[PDB]
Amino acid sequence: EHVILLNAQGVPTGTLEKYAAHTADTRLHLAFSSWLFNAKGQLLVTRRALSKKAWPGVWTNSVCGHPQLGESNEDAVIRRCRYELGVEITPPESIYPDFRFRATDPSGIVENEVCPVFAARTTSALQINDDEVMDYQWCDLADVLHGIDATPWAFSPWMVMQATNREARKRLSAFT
């Protein structure tokens, strides 16, 4: 498994092993972020396993990942939903297509990503992969947004950035 390095423009220029790619000096690459809601309109929020290299133990939006060469964003989402959460989903829909960010985690591990954001509805029950998720909570978007507005530090930095993007917030608010 790998990540896709991107030049100043979003042009793929090569790849790196996924583990070896996230360091104190992580280089720009391709990723995705996805927010999942069940049939009742609840948002799935997850807590990253303690073994994740970047932001271990941190509360975040439902599923995040790294598309592989030749893979569409939507397929990557479906893939990681299955892999991390054993869940089937409806076709992922665009909510923040130009999201990009760089941040540093408490141990100094950096993420540096072009990271289009999506949303989808689950169509099956979760089956948790504890190598990836250590905890999770089905909740009302509205409460999650309040939490994010009041104590952003309690959540991953990119979760906060996405939720406080005016357009992306409107679009998520329509999934409930």
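Residue numbers here begin at 1 and follow the sequence given.
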item	value
Of 54 to 62 and 142 to 150, the stretch whose C-alpha atoms average the higher B-factor in the entry	142 to 150
Out of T26, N38, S33, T46, residue topping the C-alpha B-factor column of the entry	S33
Third of chain Cα B-factors occupied by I128	lowest
Third of the chain's Cα B-factor distribution that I109 belongs to, per the entry	lowest
Modelled-residue ranking by C-alpha temperature factor, third containing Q42	highest
Entry-reported Cα temperature factor of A168, expressed as the chain third it lands in	highest
Record-listed C-alpha B factor of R80: chain third	lowest
